[PDB]
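Asker: Coordinates for the following, if possible.
(one chain, ligands or ions: 3)
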Amino acid sequence: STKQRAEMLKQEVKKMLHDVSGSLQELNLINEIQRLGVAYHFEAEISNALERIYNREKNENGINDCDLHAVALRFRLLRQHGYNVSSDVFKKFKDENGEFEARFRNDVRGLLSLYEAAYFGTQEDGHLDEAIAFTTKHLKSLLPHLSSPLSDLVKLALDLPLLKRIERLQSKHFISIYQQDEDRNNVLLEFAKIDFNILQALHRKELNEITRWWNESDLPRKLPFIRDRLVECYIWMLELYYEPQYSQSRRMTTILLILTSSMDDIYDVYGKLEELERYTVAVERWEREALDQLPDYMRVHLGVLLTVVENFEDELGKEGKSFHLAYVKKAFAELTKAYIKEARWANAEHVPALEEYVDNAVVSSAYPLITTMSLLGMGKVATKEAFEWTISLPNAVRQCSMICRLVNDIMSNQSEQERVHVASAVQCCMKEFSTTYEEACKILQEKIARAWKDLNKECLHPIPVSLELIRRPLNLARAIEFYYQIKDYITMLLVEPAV
Ligand SMILES: CC(C)=CCC/C(C)=C/CC/C(C)=C/CSP(=O)(O)OP(=O)(O)O
Ligand SMILES: [Mg+2]
Ligand SMILES: [Mg+2]
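Answerer: Numbering: from 1, shown residues only. Ligands and ions are numbered 1, 2, ... in the order given. This is the structure:
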């Protein structure tokens, strides 16, 4: 059947990767495996290969290579795994003063590799800032008169690099483009085609159960004003992590992201502040007895929240790890502590200071709750230390919420401001000094780049936790970039399979 064919292809690819252990073919094969959405099948072998590459790196046993593609791909592959390889290997190509050599203008492959490698630099990284402008200029110059199978890659990359691109949609696009390339591998492409079909089948199957749970719930029939966002809540928990072993982790969190959104609306689109200051204490206490005095719709919403939380506790109690949900309840404690502040600013007719507003909005984005609540379905990574680290609000969690808040704000500050809503970041920054809407938008756009550069730094080897746990903030930051660029996502990532 398909599974035996997939296993045979997996062993074939393992044998080839072993046989190319010393050449650039290893780098190309690892890159193609990662970009085809099958990188998780070869975690151990890829880790060993990258360890060997790092050991023979740093000019200790490294042969000088003039190929921009080879060194750029090596740097990008090593930086994606954690190794702190210095961004100084690009000094060789900066021969003509501080500008890159002109002989690379016509090298579209090396230019694109440098383009994708440059975005992975950190704040302290050098030689990875003017490269973006260089490659942008030359790729735009050479785009109109370029051949189709590589102009497709150029057009796919100019919109967003691999750093800011969700992995599943980019994997689909690369599988679609890789057919036209004449230097491809047939077995790797077939393996990716089979794996994509199986993972898409699993992803489509889970949505059926989630929709069944929503239908059986009391949420949709009553409380009419809630806007149904079940699909756009699964796709946000589909690009965070899509591996099959995390399937149990995608049911439990998506069920609790519709509840955390319904709550946002309950606090801003409507409701009076007197009535909202009694919801916060009810959430903090976390008992059904606190629901007696609440209004009907808040009572129903928080009762459903309590029911789903206790149901999830019952499920994690089989393996003796129910106490993890003793950390989720605390997280929901802070979120309502942030929603209840902004509403007050709505009623007091006050414009918060930018720093205070940003500090409050980092918790009112629910990216801090979504980083704690994603550990529910992790088998061995979910430990007490991991949950304590996640609750302690590390810098990695903070820098993935900056992008959310600041991008949303810029996009959705016109629909709500007409009605009674909390002042957004652009209005807060226009409050001090004197700036226009566009000049404040550019200021708020100059912060997303620094947030991305700060998020790139946290995923290195000086890490308190594992790589699987730290990968989540990066994917959370990538999902706001896909939205603010969606029936195409549903129709050709979940409905239309790959031939
Ligand atoms: C599918 C989707 C968009 C969200 C589900 C997951 C969440 C909660 C993501 C982060 C928060 C965002 C971007 C809310 C947009 S609605 P808003 O701008 O009205 O929220 P606000 O009141 O401004 O915080
Ligand atoms: Mg709102
Ligand atoms: Mg807003």
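Asker: CA atoms for contacts and neighbours, from now on please.
Answerer: OK.
Asker: Surely residue 493 and residue 171 touch.
Answerer: No: counting by C-alpha atoms under 8 Å, residue 171 is not a contact partner of residue 493; they are 10.1 Å apart.
Asker: what's the neighbour count on the closest residue to residue 382 other than its chain neighbours?
Answerer: Distance criterion C-alpha to C-alpha, 6 or more residues apart in numbering; nearest residue to residue 382, sequence neighbours excluded, is residue 375 at 5.7 Å. Residue 375: 24 surrounding residues under other C-alpha atoms under 10 Å.
Asker: Let me see the contact set for residue 375.
Answerer: In this structure, residue 375 makes contact with 249, 381-382, 387, judged by C-alpha atoms under 8 Å, 6 or more residues apart in numbering.
Asker: Mind giving me the PyMOL select for those, buried ones only?
Answerer: Here is the PyMOL command that selects the buried residues among those (16 or more other C-alpha atoms under 10 Å):
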select buried, resi 249+381+382+387
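Asker: Among the contacts of residue 375, name the ones in helices.
Answerer: Among the contacts of residue 375, the members found in helices (DSSP state H) are 249, 387.
Asker: Closest one of the contacts of residue 375 to residue 118?
Answerer: Comparing the contacts of residue 375 against residue 118 with C-alpha to C-alpha places residue 381 closest, at 30.9 Å.
Asker: wouldn't the closest one be in contact with residue 387 here?
Answerer: No: here residue 381 lies out of contact with residue 387, judged by C-alpha under 8 Å, at a distance of 9.8 Å.
Asker: how far is the longest helix belonging to the chain from where the chain is centred?
Answerer: Counting residues, the longest helix found in the chain (DSSP H) is helix 186-216. Counting by C-alpha atoms, centre = their mean, to the nearest Å, helix 186-216 is centred 19 Å from the centre of its parent chain.
Asker: What are the buried residues along the very next helix or strand once past that helix?
Answerer: Sequence-wise, the next helix or strand downstream of helix 186-216 (DSSP states H and E) is helix 231-234. Across helix 231-234, burial judged by 16+ other C-alpha under 10 Å covers 232-234.
Asker: Now those residues in TSV, please, with extra columns for distance to ligand 1.
Answerer: Formatted as TSV, those follow (distance: C-alpha to the nearest ligand atom, whole Å):
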residue	distance to ligand 1
232	5
233	5
234	8
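Asker: I'd like those laid out as TSV, including distance to residue 419.
Answerer: Converted to TSV, the buried residues of helix 231-234 look like this (distance: C-alpha to C-alpha, whole Å):
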residue	distance to residue 419
232	24
233	25
234	29
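Asker: Contact partners for the residue nearest to residue 35 when sequence neighbours are not counted?
Answerer: Excluding its sequence neighbours, the residue lying closest to residue 35 (C-alpha to C-alpha, 6+ apart) is residue 171, at 5.8 Å. With contact set as C-alpha under 8 Å, 6+ apart, residue 171 has these partners: 35-37.
Asker: Please apply the same query to residue 33.
Answerer: 39, 188.
Asker: List phi and psi for it.
Answerer: The phi and psi torsions at residue 33 (degrees, to the nearest 10) take the values phi -60, psi -40.
Asker: any idea how far residue 354 is from it?
Answerer: Look at residue 33 and residue 354: by C-alpha to C-alpha, to the nearest Å, they are 44 Å apart.
Asker: Equivalent analysis for residue 230, please.
Answerer: Here residue 230 is placed at a distance of 32 Å from residue 354 (C-alpha to C-alpha).
Asker: How many residues are close by whatever residue of the stretch 351-499 of the chain ends up closest to ligand 1?
Answerer: Using C-alpha to the nearest ligand atom, the closest approach of the stretch 351-499 of the chain to ligand 1 is made by residue 365 at 4.5 Å. Counted with other C-alpha under 10 Å, the neighbours of residue 365 add up to 21.
Asker: swap in residue 144?
Answerer: Close neighbours of residue 144, defined as other C-alpha under 10 Å, add up to 10.
Asker: got it, and residue 130?
Answerer: 14.
Asker: excluding its backbone neighbours, what's nearest it?
Answerer: In space, residue 130 is closest to residue 99, 7.9 Å off (C-alpha to C-alpha, 6+ apart).
Asker: The one you found: how many residues sit nearby?
Answerer: Neighbour number of residue 99 under other C-alpha under 10 Å is 13.
Asker: Regarding residue 300, what is its secondary structure?
Answerer: What DSSP: H, G, I helix; E, B strand; the rest coil gives for residue 300 is helix.
Asker: Next one: it relative to residue 377, how far apart?
Answerer: 27 Å.
Asker: now residue 305
Answerer: Counting by C-alpha to C-alpha, the gap from residue 305 to residue 377 is 19 Å.
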